[PDB]
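In what follows, a structure is listed as structure tokens, so that the remarks can point back to it.
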Amino acid sequence: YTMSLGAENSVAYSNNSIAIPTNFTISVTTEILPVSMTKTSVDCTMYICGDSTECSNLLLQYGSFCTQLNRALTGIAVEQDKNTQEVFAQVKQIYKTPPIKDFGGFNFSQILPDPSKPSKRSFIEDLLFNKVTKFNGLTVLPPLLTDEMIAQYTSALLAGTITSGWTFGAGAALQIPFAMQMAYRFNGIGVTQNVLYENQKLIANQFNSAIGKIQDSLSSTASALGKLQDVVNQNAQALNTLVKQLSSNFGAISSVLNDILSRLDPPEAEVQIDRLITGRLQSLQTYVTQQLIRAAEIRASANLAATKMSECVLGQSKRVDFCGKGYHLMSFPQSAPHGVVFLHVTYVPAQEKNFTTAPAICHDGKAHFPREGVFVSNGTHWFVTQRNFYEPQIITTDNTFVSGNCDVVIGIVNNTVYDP
Amino acid sequence: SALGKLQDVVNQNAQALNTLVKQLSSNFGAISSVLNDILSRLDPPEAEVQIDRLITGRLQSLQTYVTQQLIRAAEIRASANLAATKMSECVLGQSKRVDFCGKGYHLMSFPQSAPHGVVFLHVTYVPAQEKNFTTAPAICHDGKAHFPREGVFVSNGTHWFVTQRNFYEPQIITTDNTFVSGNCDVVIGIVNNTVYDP
Amino acid sequence: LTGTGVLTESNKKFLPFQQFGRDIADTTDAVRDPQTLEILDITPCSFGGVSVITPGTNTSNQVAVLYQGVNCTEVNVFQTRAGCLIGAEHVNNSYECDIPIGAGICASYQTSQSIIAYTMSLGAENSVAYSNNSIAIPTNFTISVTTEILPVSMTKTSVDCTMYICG
Ligand SMILES: *[C@@H]1O[C@H](CO)[C@@H](O)[C@H](O)[C@H]1NC(C)=O
Ligand SMILES: *[C@@H]1O[C@H](CO)[C@@H](O)[C@H](O)[C@H]1NC(C)=O
Ligand SMILES: *[C@@H]1O[C@H](CO)[C@@H](O)[C@H](O)[C@H]1NC(C)=O
Ligand SMILES: *[C@@H]1O[C@H](CO)[C@@H](O)[C@H](O)[C@H]1NC(C)=O
Ligand SMILES: *[C@@H]1O[C@H](CO)[C@@H](O)[C@H](O)[C@H]1NC(C)=O
Ligand SMILES: *[C@@H]1O[C@H](CO)[C@@H](O)[C@H](O)[C@H]1NC(C)=O
Ligand SMILES: *[C@@H]1O[C@H](CO)[C@@H](O)[C@H](O)[C@H]1NC(C)=O
Ligand SMILES: *[C@@H]1O[C@H](CO)[C@@H](O)[C@H](O)[C@H]1NC(C)=O
Ligand SMILES: *[C@@H]1O[C@H](CO)[C@@H](O)[C@H](O)[C@H]1NC(C)=O
Ligand SMILES: *[C@@H]1O[C@H](CO)[C@@H](O)[C@H](O)[C@H]1NC(C)=O
Ligand SMILES: *[C@@H]1O[C@H](CO)[C@@H](O)[C@H](O)[C@H]1NC(C)=O
Ligand SMILES: *[C@@H]1O[C@H](CO)[C@@H](O)[C@H](O)[C@H]1NC(C)=O
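Protein chains in written order, with UniProt numbering: chain L, 695 to 827, 854 to 1140; chain U, 943 to 1140; chain W, 546 to 620, 641 to 676, 689 to 744.
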């Protein structure tokens, strides 16, 4: 069939009709981002020839390709280390959560680590690590920061976030209750703090329900972490191809260097050795080029992940669709194998309701424009409410400002302002 | 070791050039690296094969050099795009992105010319000398809850004041910096206080 | 079938018609004795990499060696997850990372001057006194101008293929 671009919809657009939401919902999303790869090391001589003095002497006539490839692999390893370094190691002091989890009703026990396990990882981190699933010159180097250290870094970031908001990124960590932190987060997008101070229970229940839904999804679906598994599979296929490229003859008698050396004298086997060396060197150069391209891609991804960390966890960004889809409130980092997982808590308005609007009101000849809000009407009476939450207020002189006359504005309606 | 990145780039370019000019001393399986000596000694038929092998080796070396240079140029292009974005967002304005133009509240930046690069002087605002205080979400005076417009209700032990969020400036609680929306028993943590009316 | 390796005893079952053996990567890992009927598993010879952890020459000349992927039995000594570090002592205290080694292991030249090995510390421990009625408002500030190096370009070169290859 032909793919559908989406459901059809026709917005009821007019010149005196506005839609103001009367409710909202908390939506916690999930964004997977690759950070680093498996630091591999390919011994050039051992891979090309392999414990062969004559073949090594023949390979030495090609220049410094061995040193070039070794330097490239070392640079790739150092880059994969510095990527996760700059991504996770961003906080100076390691913070911890207080024993009294008095967070105003929010339940973070599912994202905070528990001491009833060797590795201090949370339930989400355990799910993420459980879902993601010597040689002939091939050896893998272990990363500098272990999984336990990455989990400790994520726990310190989470504790600093919960305890400070965004002050732990600029200067020093400042204590602040999570209720007032969420009030500041709401004030940072256009919603007043009274909405939170009145619906804290509903917001905490919605957050707990979203966390539970995320847990259920991560426990049910195994294809959640896609890009990490794709990178792992690409690295595995590259390694398997590099290994299988040793069973090829490349025009020689056989692919076994020791068998060639035992069957033919050096003067006659020099040609076969040269063919094998050229073939394996071309294959290794192609592998190194592809690995450099993939390392550049992973570096770009790690830079993006570090930027998202600094702009969502250590502060509330105003960039649209950056810290998740919707009005960004806060974000929680989660460790993942060779990657990072963010939990973008967004603000999504719901229960839309259409009303009648007007640009201004003309009370006594002079026009009155609202300072912060929009003039709405429920059919007979006019009120001034917020932009993202329907809160009708009586139109007074403290909610509007006068600027000129009302004979230049097109669409102004007549109303009676109130003087307190 | 202040300008480390520029020095590393220069050293990488120098090492690439040195490797490119040293790859000519290898025979790649031929008689020798010098072409004139081969042309003088060997007969034309074998000299053709020797020249073909030398050309293949040098072309492979040059292609590897060009590939590495293209990767390095892509990295330099990414760095230059980042630097141009930082310039346009912090030198020609004031950015609100955290940890993008310095550790702290960004104020202004001053660009400086550097060899094959640029240096920014990120002037940031960093608070210091904090002090513990007791806070409250709202206060009730005559049965109606009072929420601060821009500020935080802090108390030194006996009296409540409203101060800024980044600089302790205690001010008396008046009706000009607070807005009333609702009642007392709608928020958990509200503390009874007195609101002044000028 | 020639080669070098450690001929040990295997626990696999060779079929009566099978003589040689192979692995998943098209490599011979087990054979059958010509004289007797025993199964000899061909494990590869001991090998690895060599890394030299050395401080600046202005400080001292004492160096250490790190053999990658060894059990300190095929080559004062200490077993890490990245290999054996022969030349440094493993202390029980945690310091800041100075010379990266691998799997959280770091090295630094400390005073009795000698190279040591320890587990890197992620940072100074801190515990903010969080409470539902406690806030910390700063009373002062300090302007701190920072620097940031960013490359913008590099040297523009051009190599003529003709003059390079065929001079
Ligand atoms: C808003 O929606 C939630 C469900 O997500 C509901 O519990 C709540 O009562 C709604 N608010 C209003 C004012 O209807
Ligand atoms: C958080 O949730 C867990 C299980 O979902 C529960 O055991 C715990 O009591 C909850 N804590 C709070 C403060 O609601
Ligand atoms: C909202 O839209 C419906 C359907 O278009 C309409 O019947 C109703 O009058 C509108 N509301 C107002 C306040 O005009
Ligand atoms: C509009 O709201 C006012 C006050 O809330 C009320 O008195 C009036 O009856 C409402 N009109 C309609 C049509 O609902
Ligand atoms: C809105 O548009 C309709 C149709 O174009 C028109 O009749 C009406 O006068 C307009 N109202 C205003 C306030 O512009
Ligand atoms: C508002 O009152 C003025 C007073 O003369 C009148 O001219 C104008 O038409 C009125 N507006 C509307 C929409 O009727
Ligand atoms: C605040 O109280 C905590 C714990 O009581 C203490 O460690 C700290 O020094 C006090 N002062 C500040 C500015 O945090
Ligand atoms: C706060 O004051 C109101 C009257 O202004 C009174 O009804 C209420 O009981 C007081 N609450 C407390 C906790 O003192
Ligand atoms: C709190 O501040 C007020 C006004 O500055 C002062 O009168 C009072 O004595 C102070 N109390 C304490 C405990 O410092
Ligand atoms: C803060 O939490 C404590 C429990 O440790 C409780 O006794 C107190 O009433 C709480 N304060 C507020 C304002 O909720
Ligand atoms: C290294 O020695 C330890 C101690 O006996 C042993 O547990 C471990 O399996 C050895 N490593 C390998 C790869 O066999
Ligand atoms: C703030 O710190 C500066 C030094 O950074 C000092 O000169 C000044 O006196 C301090 N101000 C206060 C009020 O402590």
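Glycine included, C-beta positions come from ideal geometry on N, C-alpha and C.
Looking at ligand 4, does it come within less than 7 Å of residue i, judged from the CB to the closest heavy atom?
i                  : result
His1101 of chain L : yes
When you compare only the Cα positions, how much space is there between residue i and residue j?
i                      : j                  : result
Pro579 of chain W      : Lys854 of chain L  : 28 Å
residue 832 of chain L : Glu988 of chain U  : This structure gives no coordinates for residue 832 of chain L. The numbering of chain L moves from 827 immediately to 854.
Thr1116 of chain L     : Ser1097 of chain L : 15 Å
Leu938 of chain L      : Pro1140 of chain U : 57 Å
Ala694 of chain W      : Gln779 of chain L  : 20 Å
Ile569 of chain W      : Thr734 of chain L  : 20 Å
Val642 of chain W      : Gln564 of chain W  : 42 Å
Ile714 of chain W      : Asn658 of chain W  : 36 Å
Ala609 of chain W      : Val772 of chain L  : 20 Å
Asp663 of chain W      : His1064 of chain L : 35 Å
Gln872 of chain L      : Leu822 of chain L  : 16 Å
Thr732 of chain W      : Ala1015 of chain L : 24 Å
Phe1062 of chain U     : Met1050 of chain U : 10 Å
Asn925 of chain L      : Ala890 of chain L  : 31 Å
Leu996 of chain L      : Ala972 of chain L  : 7 Å
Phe1121 of chain L     : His1088 of chain L : 5 Å
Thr961 of chain U      : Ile993 of chain L  : 25 Å
Tell me whether residue i counts as near ligand 1, meaning its Cβ is closer than 7 Å to at least one heavy atom of that ligand.
i                  : result
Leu1049 of chain L : no
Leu922 of chain L  : yes
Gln1113 of chain L : no
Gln1106 of chain L : no
Can we count residue i as close to ligand 11, meaning its CB is less than 7 Å from some heavy atom?
i                 : result
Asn801 of chain L : no
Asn616 of chain W : yes
Quick one: is the Cβ of residue i within less than 7 Å of any heavy atom of ligand 9?
i                  : result
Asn1098 of chain U : yes
From the DSSP output, which residues share a beta bridge with residue i?
i                  : result
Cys1082 of chain U : U:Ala1087 and U:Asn1134
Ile726 of chain W  : U:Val1061
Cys671 of chain W  : W:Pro665 and W:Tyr695
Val1104 of chain U : U:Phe1095 and U:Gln1113
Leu861 of chain L  : L:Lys733
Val610 of chain W  : W:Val597 and W:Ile651
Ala1056 of chain L : L:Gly1059
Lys1073 of chain L : L:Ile714
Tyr1067 of chain U : U:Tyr1047 and W:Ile720
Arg577 of chain W  : W:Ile584
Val772 of chain L  : Looking at the DSSP assignment, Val772 of chain L forms no beta bridge with any residue, so it has no partner.
Confirm the yes/no value for this check: CB of residue i, any heavy atom of ligand 8, distance under 7 Å.
i                  : result
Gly1085 of chain U : yes
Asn1125 of chain U : no
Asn1134 of chain U : yes
Along chain B, which residues have their Cβ under 7 Å away from the Cβ of residue i?
i                 : result
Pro589 of chain W : Protein chains in the displayed structure are L, U and W, and chain B is not among them.
Would you say the beta carbon of residue i comes nearer than 7 Å to a heavy atom of ligand 10?
i                 : result
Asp796 of chain L : yes
Would the beta-carbon of residue i be found less than 7 Å away from any heavy atom of ligand 3?
i                  : result
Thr1076 of chain L : yes
Taking only heavy atoms of ligand 6 into account, decide whether any of them is closer than 7 Å to the Cβ of residue i.
i                  : result
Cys1043 of chain L : no
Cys1082 of chain L : yes
_By C-beta, the residues closer than 7 Å to any heavy atom of ligand 5, given in chain order_ = L:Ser708, L:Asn709, L:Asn710, L:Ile1130 and L:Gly1131
_the stretch 800-815 of chain L contacting the stretch 769-785 of chain L, beta-carbon criterion three pairs below 8 Å_ = no
*Is it a yes or a no for the stretch 612-619 of chain W touching the stretch 586-603 of chain W, going by three-plus beta-carbon pairs under 8 Å?*
yes
*Who sits around ligand 12, taking every residue whose Cβ is closer than 5 Å to one of its heavy atoms?*
W:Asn717 and W:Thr719
_If contact is defined by three or more beta carbon pairs under 8 Å, each pair taking one atom from either stretch, is the stretch 855-866 of chain L in contact with the stretch 733-750 of chain L?_
yes
*Per the contact definition of three or more C-beta pairs closer than 8 Å, is the stretch 965-972 of chain U in contact with the stretch 750-766 of chain L?*
yes
_I'd like to know if the stretch 1067-1075 of chain L and the stretch 1035-1055 of chain L are in contact, where contact means that at least 3 CB-CB pairs between them fall below 8 Å._
yes
*Is the stretch 895-907 of chain L touching the stretch 1073-1082 of chain U, taking contact as three or more C-beta pairs under 8 Å?*
yes
*Neighbourhood of ligand 7 [Cβ distance below 7 Å to any heavy atom], ordered by chain position*: L:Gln895, U:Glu1072, U:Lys1073, U:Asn1074, W:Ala706 and W:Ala713
*Would you call the stretch 951-966 of chain U and the stretch 1121-1129 of chain L touching, i.e. three or more CB-CB distances under 8 Å?*
no
*Would you call the stretch 1099-1108 of chain U and the stretch 1052-1064 of chain U touching, i.e. three or more CB-CB distances under 8 Å?*
no
*Would you call the stretch 812-826 of chain L and the stretch 940-948 of chain L in contact, with 3 or more CB pairs under 8 Å?*
A contact is defined here as three or more CB-CB pairs under 8 Å, and the stretch 812-826 of chain L meets this definition with respect to the stretch 940-948 of chain L.
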